[PDB]
Amino acid sequence: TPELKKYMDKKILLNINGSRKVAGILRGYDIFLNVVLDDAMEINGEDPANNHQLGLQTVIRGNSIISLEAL
Amino acid sequence: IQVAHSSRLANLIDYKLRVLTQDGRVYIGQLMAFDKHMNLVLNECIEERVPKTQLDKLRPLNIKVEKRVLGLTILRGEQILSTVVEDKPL
Amino acid sequence: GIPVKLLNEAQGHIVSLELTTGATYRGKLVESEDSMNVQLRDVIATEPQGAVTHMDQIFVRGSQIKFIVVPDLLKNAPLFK
Amino acid sequence: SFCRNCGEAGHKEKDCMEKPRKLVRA
Amino acid sequence: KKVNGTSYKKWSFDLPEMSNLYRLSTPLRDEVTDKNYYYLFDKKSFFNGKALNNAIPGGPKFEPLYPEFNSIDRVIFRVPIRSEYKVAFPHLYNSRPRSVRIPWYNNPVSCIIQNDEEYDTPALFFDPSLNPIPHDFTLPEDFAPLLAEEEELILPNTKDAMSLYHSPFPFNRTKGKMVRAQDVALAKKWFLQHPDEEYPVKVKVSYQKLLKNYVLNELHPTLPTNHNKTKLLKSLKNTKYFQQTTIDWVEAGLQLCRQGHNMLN
Amino acid sequence: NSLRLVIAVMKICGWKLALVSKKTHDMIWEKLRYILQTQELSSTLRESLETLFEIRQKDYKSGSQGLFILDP
Amino acid sequence: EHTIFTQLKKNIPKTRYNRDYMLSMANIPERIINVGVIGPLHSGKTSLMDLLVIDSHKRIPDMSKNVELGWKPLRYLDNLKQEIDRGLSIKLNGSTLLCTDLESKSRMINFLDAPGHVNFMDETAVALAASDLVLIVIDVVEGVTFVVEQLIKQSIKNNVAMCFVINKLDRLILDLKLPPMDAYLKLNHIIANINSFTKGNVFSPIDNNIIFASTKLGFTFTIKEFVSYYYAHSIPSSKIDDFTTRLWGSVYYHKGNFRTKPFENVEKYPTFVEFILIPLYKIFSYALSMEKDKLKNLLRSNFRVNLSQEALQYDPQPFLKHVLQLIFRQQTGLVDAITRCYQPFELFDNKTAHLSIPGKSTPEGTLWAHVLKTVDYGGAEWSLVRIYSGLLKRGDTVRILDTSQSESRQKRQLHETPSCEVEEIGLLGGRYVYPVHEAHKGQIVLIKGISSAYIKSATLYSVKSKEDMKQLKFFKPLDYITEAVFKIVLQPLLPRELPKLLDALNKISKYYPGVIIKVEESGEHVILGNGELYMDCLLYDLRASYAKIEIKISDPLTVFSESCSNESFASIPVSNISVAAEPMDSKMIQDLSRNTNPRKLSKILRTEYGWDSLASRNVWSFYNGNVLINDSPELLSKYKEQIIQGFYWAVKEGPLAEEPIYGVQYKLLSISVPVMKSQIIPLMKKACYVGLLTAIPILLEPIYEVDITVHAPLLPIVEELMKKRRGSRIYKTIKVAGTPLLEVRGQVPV
RNA sequence: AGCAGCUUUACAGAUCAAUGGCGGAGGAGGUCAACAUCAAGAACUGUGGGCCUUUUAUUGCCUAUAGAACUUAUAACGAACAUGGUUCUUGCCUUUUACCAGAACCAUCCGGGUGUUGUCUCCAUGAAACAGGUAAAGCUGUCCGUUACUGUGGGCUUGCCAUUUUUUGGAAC
Ligand SMILES: Nc1nc2c(ncn2[C@@H]2O[C@H](COP(=O)(O)OP(=O)(O)OP(=O)(O)O)[C@@H](O)[C@H]2O)c(=O)[nH]1
Ligand SMILES: [Mg+2]
Ligand SMILES: [Zn+2]
């Protein structure tokens, strides 16, 4: 498994496919690197005006995750 | 250099190879190991690429390729197009 | 096979990844997997266009890695024997 | 105790007068 | 196959032969498998007894090697300091332990369960002496444990092999070098061990004296010089004045009698 | 499976039964030991079975010591 | 005359790996593990280290043909002349090895081989202080004896990881002749005993926490190792873990199917017996009794190992060892167990706190190290040091603070240390020292030049600046587990040689951590040790190596202590401040003997001990199992320090025979005074004496616990022996399951 | 097991120039001999490089590399076990020899291992010719056979036994 235990209940920023960024609290994960996020937000640029709150539960498919950064 | 026609990757350990990747670059180095995925270990690896400024010279010649010295390098097999032998073992 | 064993043998050394997106991360290898998922710590990230950003940790999905440069002192680790 | 070698009691294996297997002056 | 050749220098036997020799040797073979049997009754403890001029029961006696504090009003008498303690811990229980050689401390308590007694008792059995011990997924159907081809766990010679495995040298070996008939010290094991029976005084004294000679031989080695040159018979054989032949031993002995008689007369 | 009586009989006569019928005697021991080692015994039974093992371990005749014994 | 040691660089054995690569592990903390091999006397620790050493080296000059064949053990780490002659380990020794796990990832492992004799429990304590993880080597026959319980408890207290090596399995097969099912029941019983002491941490063969071995026959294995070697190739890879976890417990197998009950009409044994014990038994049985041709084909077909023509000529024991070494290979499964079981993120901080003080992490740029002990190694004096932080380089100036001063400096710091040079650094090699230029965090190493600044242990530090100096932590004195109660008095045979003896005693005091050496007021020297063997070893070292002079010694004695059995009959004052005393309660004596704010303490005393409100507040000090109670506070508070000092002097030299006072509570009942301090201290000592003499004074003697292993028919003889020894008593008699032994537990006055 | 790969000591078929690979041009013994060597910084030689010694002959140390037979750790060729000499201290004594029995320092004797060469016996004897070289040779020229592709067989790998992290395409424009 992805050893993502370190990241549980912490904020992460995921760089996903298509030059998109999503920040959220890691709620759980999967053998495929699928992840669940609490409090998820889409990141567009530097200005917070272009950021968009997503929803209560967000599932990200594992092959779409390029990388994740701890926050 | 000419190599035996029956040669598989299992035979080419310690040979210097040019390994060509899907993004247009080449990696030259002594092969230390390979894997069922075609993951490769290149010792003393160097990367060469043809810059877009010099790419027009290849259209229907001296090409100034840019190099990085990498060192001991793992290539992930999905990125590899093909491999060519450059040199024999010492 | 050996390339994955070599990566798990690089654990605790400084390694440099290049990704399929073109980005380069140099940092200390914290953890690795048979997928080539890697964790890096104390990381310098080079954007493909040249921008440099520092991050405290990064986890990279192994499918997105293009190549990994490990220290040369690994060339005589027991795994090659 | 019965001798392992000859069954007769009164002596141990090492003291047995029978080959290993498997009146007196006044 | 069994011997290197007529030079008769090396031997190599099979398990059933070694088993048969071990079994035939029971009256003269060594039976003490437990090394703890020799506690305070071994070479080093005899060396210490000699150096300390202390004689443990059944041990050899020797001439003494050497010719306010601890006053009785200051000493707490709880247990007598036995002579056995003086050889067991020779530095702790002696004030002047000169020429003492520290002994082997101990060996794990032996638990070798004995067998070969009842013809059909197996090699593996829970002997009366032992305490009791009173406390979906699938694989290919042809998958089986290692060595499943052999149904017999215990082979016909296994008991013998285990018995020989625990026996003292040389029954512990399947190959070896030949030795001179005079170098096989058959009776030595008897006096190196405690007397097997409560024998008369003269017998116990003989046991002690044989041990004394053994201890002196161990204490004073006389190493041979590496200069193997000029051995007598080989030197004589090199001359034309000596010839060789083969004769019966009794004839050779009678010849030596006649020759010695002529020499002296 | 009335072990409480088998144990009582074995304490008294097992040592002769081992001389006379060592085959069946060592079957009864392999059955009795399998019970002790692999079955959920009640304590008063268990400690009497274990005490039969102590008896065999050190003095198998000690189950018929205290009875009156007329000489042969 | 003292040790078998390789003095010549040229003759140091070459490793199979490159040592420069192993030293390149050392700059990575997480690639170093410190492993302490501990366990009962003769459990096989040194033999296990022989296996690791022989795996790691190309050719060992000290290895005879008898050792190579397996007739005798190498005993590499038992290189002292005493250890060779006595046949047991006496001093802590070790080796730094590059070890690879089952995924071929190498780590540097610093192994420390500790003596198993209870007399040398001090060396075991040093091993526990130095190690991250401990391999508890248990002799499968005797099982979890009382010493195993103590080592497990001590490991938990020391915050080390554990793995258990169930050694000498050959004794189940060849010695006891247990059938394989009963050998399984014996192994399961042992593991259940182990688990009864490990709190809630479960130890199991399927978790690899249990390693099976026969160091005599050169083999060790775990279930994962055995499966990867011989079963993984016959089953789908995605099922290997599911198979491994089913190789223990009440699981039965028949035709590719598993069941928690035996299959009808099959009567097979559990999966562990079928897939692991039976083949092991067959290896033993066949190597000893099968014809070499058939055996050669079986080993080729099943284990894919090829017997050489020379091996076919080997004698039975050498051949059995050779075959087992071919099948089980190197110690890879043991290294794999070690390296997965230790997790520094959940142990290292707790360890460093336990050995020093809870607090902030030490800065990465400051050198901090624990000087565990000094060793007489390879004809020179060295210091065993574990680097906790920074980088230590040859020639660096360092501050060595003798750990006896740690408490003082800790108190002064929360609110000058000797300086010396690291003249040499070297890795442990058992019979050699491999020199290195520097040592990193996590390494255990030998350092020369610092051993003059301390006696038992010390803290090594090199602060960057006075800022970080505020954060410096000092290591506590090692808990040597056992207390030295066996006593002997000595003096030189010739008075002219007294200074030589003094120098030798200083060396002994440094090389034997648990020894207490004190010069008495009469001029005679007192040595306190753990037991008769401990004393015999140190006396041999004095007479043969350090003093080289003849020394007169007394018969064995013991350390007594003075106490009271009733309250003081009268508040008698003294002059030249009346003090009273009472017999301390058993519960508090026990807890203080185990070392277990003013308001918090008052809660402890009021709830568990029931002391009254004043007593629970007026306690001035706790010292050597005694308590001082102060019951106008300003009138008394002027001289609290001097009164305490007088009490400290009294409790270490009582009125009966100037023996330590123990188990008494002293209460200050009055003061005789309004330059004064000079009188207060001696008079308070005198007051304590009177306070005790006015009670019912008594003498206490230390009582040894005794563990006796004996064949069960001989229990009457042990009984008679205990009856013949005054004050000795038998408290328990455990049957050692599946063996003819009993473990008889009792007590004997020292 | 079948399928697949690697490998080639054998057999068959095909091929058969060269080149390459592989293999080769006595064996077992002897109550035979000679020579060498066998108790020490746990303690071994050689090749290569540096320094010192040496003064034309080689020694010692450090470094690099290759090999380290036999013997040895509860230390030792020998799982065994004698005698002599000198000195000291004893014993019985009546002086010496011959002796008592402890020590220390030294010898002799009965035996032993390993290596190398020779010899002796028995049994064998597609290429053992000729020439050079070496301490010698399985070294060089030379000679003989076999092999390269396919089939069968042997040995090894343990691959088979398209669904998110690699190899059944987010590519192409
Ligand atoms: N039968 C058997 N004996 C063993 C085994 N391992 C060690 N021994 C023996 O047990 C004795 C002690 O072995 P060591 O390796 O010195 O044991 P140890 O744990 O280091 O002993 P100490 O450190 O002194 O406590 C030796 O005689 C070994 O031969 C084993 O696996 N089986
Ligand atoms: Mg040990
Ligand atoms: Zn008989």
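Naming convention: chains lettered A, B, ... in sequence-line order (proteins, then strands); numbering from 1 in each chain.
Every residue meeting the salt bridge (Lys or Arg N to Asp or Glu O under 4.0 Å) condition with E:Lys2, not counting sequence neighbours, appears here in chain and number order: E:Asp14, E:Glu17. Applying the salt bridge (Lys or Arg N to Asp or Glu O under 4.0 Å) rule to E:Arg96 yields the partners G:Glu550; only residues at least two apart in sequence or on another chain are considered. Residues forming a side-chain hydrogen bond (donor to acceptor under 3.5 Å, both in side chains) with E:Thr174 (at least two apart in sequence, or on another chain): G:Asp315. Take C:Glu18 and apply the side-chain hydrogen bond (donor to acceptor under 3.5 Å, both in side chains) test, not counting sequence neighbours, and it matches B:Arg25, B:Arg68, C:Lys66. Residues that satisfy the side-chain contact (heavy atoms from CB on, under 4.5 Å) test with C:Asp34, not counting sequence neighbours, are C:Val4. Residues satisfying the side-chain hydrogen bond (donor to acceptor under 3.5 Å, both in side chains) test with E:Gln208, not counting sequence neighbours, are none. Legend: residues meeting side-chain hydrogen bond (donor to acceptor under 3.5 Å, both in side chains) with B:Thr21, ordered by chain and number and at least two apart, are B:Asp23.
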Any protein N or O atoms within reach of nucleotides 84-91 of chain H? Criterion: under 3.5 Å, listing atom names and distances.
none

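With both pairing distances under 3.5 Å, H:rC130 is matched to H:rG141 as a Watson-Crick or G-U wobble pair. Applying the Watson-Crick and G-U wobble criteria (two distances, each under 3.5 Å), H:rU108 pairs with H:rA82. In this entry H:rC70 has no Watson-Crick or G-U wobble partner, no candidate having both defining distances under 3.5 Å.
In the interface, the side chain of G:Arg304 is paired with the base of H:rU158 through a donor and an acceptor atom under 3.5 Å apart. A donor and an acceptor atom never sit less than 3.5 Å apart when one is taken from the side chain of G:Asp85 and the other from the base of H:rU74. For C:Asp34 against H:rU165, no side-chain N or O and base N or O form a donor-acceptor pair under 3.5 Å.
Under a cutoff of 6.0 Å and an axis angle of 45°, G:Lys239 and E:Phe137 form a cation-pi pair. A cation-pi arrangement is absent between E:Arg29 and E:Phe171, since the terminal nitrogen or guanidinium carbon is not both under 6.0 Å from the aromatic centre and inside a 45° cone about the axis. A cation-pi contact, defined as under 6.0 Å to the ring centre and within 45° of the axis, links E:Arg173 to G:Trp71.
Neighbours H:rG78 and H:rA79 form no stacked pair of bases, judged on six-membered rings against the 5.5 Å and 30° limits.
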- Sequence-aligned protein contact record of nucleotides 167-173 of chain H, with B where the base is within under 4.0 Å of a protein heavy atom and S where only the sugar-phosphate is: B------
- Message: Walk along nucleotides 146-155 of chain H from 5' to 3' and tag each nucleotide B, S or - by protein heavy-atom contact under 4.0 Å, base first, then sugar-phosphate.
- Response: ---------S
- If the sugar-phosphate is the primed atoms plus P, OP1 and OP2 and the base is the rest, what is the B/S/- string for nucleotides 107-112 of chain H, using protein heavy atoms under 4.0 Å? B--BBS
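With a glycosidic angle no further than 90° from 0, H:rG41 counts as syn. H:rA57 shows a glycosidic angle within 90° of 0 and is accordingly assigned syn. Because its glycosidic torsion is more than 90° from 0, H:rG30 is reported here as anti.
Remark: P of H:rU71 and CD of G:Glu68 are 12 Å apart, rounded to the nearest angstrom.
Comparing atom distances between the E:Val179 side chain and each of H:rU165, H:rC81, H:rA79 picks out H:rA79 as nearest. With H:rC81, H:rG41, H:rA75 as the choices, the nucleotide that has an atom nearest any side-chain atom of E:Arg101 turns out to be H:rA75. Among the nucleotides H:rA69, H:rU158, H:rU74, the one closest to any side-chain atom of G:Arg59 is H:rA69. Counting only heavy atoms from C-beta on, A:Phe32 has its side chain closest to H:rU164 among H:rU165, H:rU164, H:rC32. Here the side chain of E:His220 is nearest to one of H:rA103, H:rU72, H:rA43, namely H:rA103. For G:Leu8, the listed nucleotide lying nearest its side chain is H:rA43; candidates were H:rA79, H:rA43, H:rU158. The side chain of A:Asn34 sits closest to H:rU164 out of H:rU164, H:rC32, H:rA42. Which of H:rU114, H:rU74, H:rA80 sits closest to the side chain of E:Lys10 comes down to H:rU114. Side-chain proximity of E:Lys44 to H:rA75, H:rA33, H:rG102: nearest is H:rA75. Taking the side chain of G:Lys65 as heavy atoms from C-beta on, and the options H:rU165, H:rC70, H:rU74, the nearest nucleotide is H:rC70.
Rounded to whole Å, the separation between the P atoms of H:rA69 and H:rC44 comes to 13 Å. Between H:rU165 and H:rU19, the distance separating the two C1' atoms is 48 Å to the nearest Å.
The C1'-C2'-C3'-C4' dihedral of H:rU140 is positive. Its furanose therefore counts as north. Pucker check on H:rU167: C1'-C2'-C3'-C4' negative, sugar south.
Along RNA chain H, the nucleotide nearest to E:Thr6 and the one nearest to E:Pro64 differ in position, and the one closer to the 5' end is contacted by E:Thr6. Of the two residues contacting RNA chain H, namely E:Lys229 and G:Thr6, the nearest-nucleotide position lying further toward the 5' end is that of E:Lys229.
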Only distances under 3.5 Å count here; give the side-chain donor-acceptor pairs of residues 75-85 of chain G to other protein atoms, sequence neighbours excluded, each with its distance to 0.1 Å.
from	atom 1	to	atom 2	distance (Å)
G:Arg75	NH1	G:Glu83	O	3.2
G:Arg75	NH2	G:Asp78	OD2	2.8
G:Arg75	NH2	G:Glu83	O	2.9
G:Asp78	OD1	G:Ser89	OG	2.8
G:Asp78	OD2	G:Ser89	OG	3.1
G:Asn79	OD1	G:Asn93	ND2	3.4
G:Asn79	ND2	G:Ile4	O	2.9
G:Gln82	OE1	G:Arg86	NE	3.0
G:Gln82	OE1	G:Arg86	NH2	3.1
G:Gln82	NE2	G:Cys537	O	3.0
G:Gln82	NE2	G:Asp541	OD1	2.9
G:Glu83	OE1	G:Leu80	N	3.3
G:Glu83	OE2	G:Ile90	N	2.8
G:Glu83	OE2	G:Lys91	N	3.1
G:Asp85	OD1	E:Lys44	NZ	3.0

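Residue ring and nucleobase are not stacked for E:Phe62 and H:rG102 under a centre distance beneath 5.5 angstrom and an angle between planes beneath 30°.
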